[PDB]
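Chemist: Quick one: the structure is below, and I'll ask about it shortly.
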Amino acid sequence: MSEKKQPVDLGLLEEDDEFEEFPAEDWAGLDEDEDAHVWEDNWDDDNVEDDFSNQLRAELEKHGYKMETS
Amino acid sequence: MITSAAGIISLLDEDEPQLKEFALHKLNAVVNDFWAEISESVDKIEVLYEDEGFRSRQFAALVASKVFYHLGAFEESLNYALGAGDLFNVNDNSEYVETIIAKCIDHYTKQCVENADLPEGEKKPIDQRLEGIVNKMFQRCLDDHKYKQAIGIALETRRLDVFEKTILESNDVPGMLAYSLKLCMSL
Amino acid sequence: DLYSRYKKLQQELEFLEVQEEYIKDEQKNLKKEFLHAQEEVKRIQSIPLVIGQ
Amino acid sequence: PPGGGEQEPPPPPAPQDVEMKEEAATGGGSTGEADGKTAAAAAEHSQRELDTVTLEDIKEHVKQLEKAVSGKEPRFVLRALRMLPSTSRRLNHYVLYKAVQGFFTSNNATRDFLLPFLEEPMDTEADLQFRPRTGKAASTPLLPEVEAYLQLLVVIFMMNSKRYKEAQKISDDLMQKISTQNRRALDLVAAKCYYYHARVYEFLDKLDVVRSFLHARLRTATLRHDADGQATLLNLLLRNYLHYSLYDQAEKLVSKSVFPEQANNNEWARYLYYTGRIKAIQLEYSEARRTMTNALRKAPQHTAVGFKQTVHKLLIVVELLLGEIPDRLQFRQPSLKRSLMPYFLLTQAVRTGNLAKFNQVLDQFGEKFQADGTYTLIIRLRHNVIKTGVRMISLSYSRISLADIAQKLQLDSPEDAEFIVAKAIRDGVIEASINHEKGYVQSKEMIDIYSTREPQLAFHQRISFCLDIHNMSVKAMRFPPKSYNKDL
């Protein structure tokens with residue numbers, strides 16, 4: 001029928017009317033570093049990236065101190 | 001009226017049928033709205049139908065005959081529509097009545113073909129009410145005969161005296177015998 | 001004519017239905033003949049032969 | 001004044017050529033195509049009609065035509081009316097009536113000549129011979145155009161269009177069963193109409209007349225149908241049962257029938273999305289996962305972006321329940337991204353499984369995914385975080401400590417550790433060896449695949465099923481060649 005897509009596109013118009021080009025530019029701050037890059041790898045790199053965003057992001061500089069303590 | 005009412009199941013699973021009668025009467029109104037809701041009470045309907053406890057076998061056999069063909073094959077609905085005993089029902093343009101008389105005529109002439117090649121011996125029993133309800137609407141067609149279906153349905157039923165009463169009140173007798181033999185030579 | 005088209009048409013139902021097993025027989029037999037004649041014209045090509053230019 | 005006054009008449013007659021040529025090509029092409037043998041040639045104009053509907057769904061036709069450009073409304077078919085034979089003078093009238101409105105001006109209106117649309121169908125719709133196909137093929141295309149812009153007091157006019165449609169053909173029908181290409185097409189035409197005024201139904205009223213009548217009209221559709229139009233008529237009933245019906249004793253496991261060939265090249269995607277939406281409330285893990293992901297991968301013809309974002313949203317919502325949540329990897333479209341932006345933080349927070357923090361993170365900025373209604377699967381998720389986390393522990397090492405991994409799982413107690421881990425063992429999705437020697441709970445956690453471990457019984461059903469699907473695909477490459485050589 002393809003006629004039920006109209007209210008869904010109206011919901012997309014409401015989501016686009018919530019923030020006017022705010023997620024396109026704010027998310028484009030990372031998309032400019034993510035553009036043309038394979039998005040299949042961005043799920044693993046974003047998985048470990050967001051996983052380590054809270055604490056122990058790099059953790060490679062700390063191993064030099066953890067060698068003698070552990 | 002109701003759509004997802006489940007109280008009629010408990011009323012149908014209950015004794016003292018003086019409350020079951022009007023509950024089934026109101027069930028016949030919403031059965032066309034929702035036929036699948038009775039599938040849980042079909043077994044109990046069969047239980048109260050097989051025994052001779054309930055006084056009206058047509059109230060159960062009509063519900064079963066109108067839910068079986070909505071659920072599965074027309075055979076199980078036909079066994080209770082033909083097994084409903086005495087049924088007082090006038091001619092209606094409803095889908096239910098035209099389908100039960102459609103399959104009733106189709107299976108009627110089907111049994112007439114299964115029994116037409118065996119004139120004697122192992123004759124299958126045919127109920128009289130089948131002849132009553134087939135010959136009732138059949139005679140209703142034979143009010144004026146419409147000069148098209150008299151010899152046709154008279155030949156499909158493979159019956160002996162079904163066509164002698166058709167040619168009694170008929171115009172253009174040579175046209176009816178010439179059309180009759182013309183139809184007989186092409187089958 | 002109106003009601004006679006059913007039972008008159010049943011003869012065409014049988015006449016067209018009888019062609020199913022017939023075309024089954026033709027399609028199952030004519031390919032066996034196709035491999036018969038195929039191997040018969042294949043076995044004509046023999047190894048001993050003369051080489052020209 | 002000179003800009004729009006001089007550039008005013010160029011715009012309007014832009015769609016005139018494609019609309020007149022389109023209605024003449026599909027009208028004269030369909031009637032002139034199946035006119036000789038309508039019953040023989042079938043389903044040739046079905047894909048044409050649906051492709052024209054989906055081609056006209058995004059029409060920007062009406063933007064300024066309200067000011068003296070509504071002359072397209074009073075006109076209509078006017079093809080061979082009032083007489084079936086001797087249509088030469090009417091062949092001249094075809095140019096006459098189209099040329100009269102183009103000399104100087106034309107008297108036009110918008111809401112004046114709307115009700116008297118039944119003047120011709122009383123005596124002759126088009127030619128008194130092809131009344132059904134010309135009546136539906138005449139009325140049904142042009143009615144949604146005038147009935148566009150559902151708002152602004154058109155609901156009553158839409159009701160007039162309803163009683164006109166039913167009163168002319170579909171109160172029951174024009175004749176009990178058309179039983180032709182306009183019957184099999186009339187199924188999806190009346191169905192598509194029901195989807196057209198379904199917004200009018202759900203707008204202020206509810207189900208107490210027409211969709212309840214759709215059962216009697218649904219089984220009046222004869223049982224010998226291919227169930228294409230009958231199944232499309234079932235789609236609106238199931239969607240009416242989607243928002244709030246909630247009874248599951250009949251349609252669930254009783255609606256399931258012989259299931260004839262109901263494809264429509266869209267109905268697997270949207271119908272399977274419907275039955276997976278209803279089968280998604282009992283937390284179906286095996287069936288709805290693969291079949292709903294397949295339905296996501298289906299329907300690529302017109303749009304796979306604007307509509308698949310909801311089946312994708314529900315898809316990942318029911319995927320994160322199993323502990324393994326696959327995100328958007330192979331699809332690049334700027335709709336599922338913006339749809340998934342609020343849900344991304346929590347769907348990424350599922351695997352880490354922090355109870356106290358993410359519990360506040362959900363309700364913190366949660367507006368739409370928790371404002372979707374009844375918060376059922378998210379209120380199951382709030383305590384499913386620990387079950388997906390302990391399933392990650394099942395994917396982790398065997399030995400369970402009392403301080404390291406118990407403190408890591410935010411659950412430091414001896415009883416509830418083995419108790420809830422045992423509640424994960426009684427599920428049956430994992431394998432463990434419950435042994436108590438000195439107090440520690442061990443586990444064999446053998447997740448070794450069937451390699452060199454009863455292989456024949458392992459992929460036996462894989463060989464049988466794969467050969468069945470590939471073999472019915474062999475039938476699907478044998479039969480279409482027959483549908484090719486059928487005409488020659």
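Chemist: Considering only residues that are more than 12 Å from every other protein chain (Cβ to nearest Cβ) and in a loop (DSSP other than H, G, I, E, B), look in the range D:225-251 and name the one that is farthest from residue B:34 (Cα to Cα).
Modeler: D:226
Chemist: Based on what the data block shows, is residue D:69 in contact with a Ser or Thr (Cβ under 8 Å, 6 or more places away or on another chain), surrounded by 11 or more Cβ atoms within 10 Å (Cβ to Cβ), of a type in the set (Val, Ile, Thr) and on the phi < 0 side of the Ramachandran plot?
Modeler: Here the answer is no, as residue D:69 does not meet what is asked.
Residues checked against (1) touching a helix residue (DSSP H, G or I) at 6+ places or on another chain (Cβ under 9 Å); (2) surrounded by fewer than 15 Cβ atoms within 10 Å (Cβ to Cβ):
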| position | (1), (2) |
| --- | --- |
| D:39 | yes, yes |
| D:65 | yes, no |
| D:73 | yes, no |
| D:79 | yes, no |
| D:86 | no, yes |
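Chemist: Would you point out which residue out of C:21, C:26, C:40, C:12 is within 14 Å of chain B (Cβ to nearest Cβ), assigned to a helix (DSSP H, G or I) and acidic (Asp, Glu)?
Modeler: From the options C:21, C:26, C:40, C:12, the qualifying one is C:12.
Chemist: Hey, another quick one. What is the residue count in the range D:355-370 for residues that are in a helix (DSSP H, G or I) and of a type in the set (D, E, K, R)?
Modeler: Qualifying residue count, the range D:355-370: 2.
Chemist: Within the bounds of the range A:34-55, is there any residue that is of a type outside the set (S, T, N, Q), closer than 24 Å to residue D:361 by Cα and in a loop (DSSP other than H, G, I, E, B)?
Modeler: No, there is no match, as no residue in the range A:34-55 is of a type outside the set (S, T, N, Q), closer than 24 Å to residue D:361 by Cα and in a loop (DSSP other than H, G, I, E, B).
Chemist: Select, from D:389, D:373, the only residue that is part of a helix (DSSP H, G or I) and not acidic (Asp, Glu).
Modeler: Matching residue, one of D:389, D:373: D:389.
Chemist: List, please: which pairs have Cβ atoms under 7 Å, are six or more places apart or on different chains, and start with a residue in the range A:1-20 that is more than 8 Å from chain D (Cβ to nearest Cβ) and end with one that is outside any helix (DSSP H, G or I)?
Modeler: none
Chemist: OK, next. Here are C:45, C:53, C:19: which of them is of a type in the set (S, T, N, Q), under 30 Å from residue B:155 (Cβ atoms) and either surrounded by 10 or more Cβ atoms within 10 Å (Cβ to Cβ) or more than 11 Å from the chain's Cα centre (by Cα) (or both)?
Modeler: Just one listed residue meets the conditions, C:19.
Chemist: In the range D:40-95, which residues are part of a helix (DSSP H, G or I) and within 14 Å of chain A (Cβ to nearest Cβ)?
Modeler: Across the range D:40-95, the qualifying residues are D:46, D:47, D:49, D:50, D:51, D:52, D:53, D:54, D:55, D:56.
Chemist: Right, something else. Provide a single number: the residues in the range D:243-259 that are more than 13 Å from residue B:3 (Cα to Cα) and surrounded by 12 or more Cβ atoms within 10 Å (Cβ to Cβ).
Modeler: Total satisfying the criteria: 4.
Chemist: Here is a further query. For the subset of the range A:21-32 comprising residues that are farther than 16 Å from residue D:332 by Cα, part of a helix (DSSP H, G or I) and not aromatic (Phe, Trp, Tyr), which member is nearest to the other protein chains (Cβ to nearest Cβ)?
Modeler: So the residue we want is A:23.
Chemist: Could you list, in sequence order, all residues of the range D:278-305 that are surrounded by 19 or more Cβ atoms within 10 Å (Cβ to Cβ) and within 13 Å of another protein chain (Cβ to nearest Cβ)?
Modeler: Once the filter is applied, which keeps residues that are surrounded by 19 or more Cβ atoms within 10 Å (Cβ to Cβ) and within 13 Å of another protein chain (Cβ to nearest Cβ), the range D:278-305 yields only D:299.
Chemist: For residue D:275, which of the numbered conditions (1) of a type in the set (S, T, N, Q); (2) under 30 Å from residue B:100 (Cα atoms); (3) more than 10 Å from every other protein chain (Cβ to nearest Cβ); (4) in a helix (DSSP H, G or I) fails to hold?
Modeler: (2)
Yes or no, residue by residue, for (1) more than 22 Å from the chain's Cα centre (by Cα); (2) facing chain A (nearest Cβ under 9 Å); (3) among the charged types (D, E, K, R):
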{"position": "D:307", "(1), (2), (3)": "no, yes, no"}
{"position": "D:314", "(1), (2), (3)": "no, no, no"}
{"position": "D:333", "(1), (2), (3)": "no, no, no"}
{"position": "D:352", "(1), (2), (3)": "yes, yes, no"}
{"position": "D:356", "(1), (2), (3)": "yes, no, no"}
{"position": "D:366", "(1), (2), (3)": "yes, no, no"}
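Chemist: If you don't mind, there's one more thing I want to ask. Give just the number: which of (1) in a loop (DSSP other than H, G, I, E, B); (2) more than 14 Å from chain C (Cβ to nearest Cβ); (3) not basic (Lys, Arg) does residue B:187 not satisfy?
Modeler: The number of the failed condition is (2).
Chemist: Further, regarding this structure: For a quick check of your reading: which helices (runs of 4 or more DSSP H) sit entirely within the range D:139-222 and have at least 1 residues that are buried (at least 18 other Cβ atoms within 10 Å of the Cβ) and of a type in the set (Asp, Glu)?
Modeler: Correct list: D:181-196.
Chemist: Within the range B:127-140, identify whether any single residue is within 14 Å of chain C (Cβ to nearest Cβ) and either in a helix (DSSP H, G or I) or crowded, with 17+ Cβ neighbours inside 10 Å (or both), and answer yes or no.
Modeler: The answer is yes; a qualifying residue exists.
Chemist: For the range D:1-39, what are the residues that are more than 23 Å from residue D:94 (Cα to Cα) and either of a type in the set (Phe, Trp, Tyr) or assigned to a helix (DSSP H, G or I) (or both)?
Modeler: Selection gives D:2, D:3, D:4, D:5, D:6.
Quick note: the coordinates plus some simple rules give every number you see, no bench work behind them. Cβ sites come from the backbone with ideal geometry, for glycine too, and all protein chains shown count toward neighbours.
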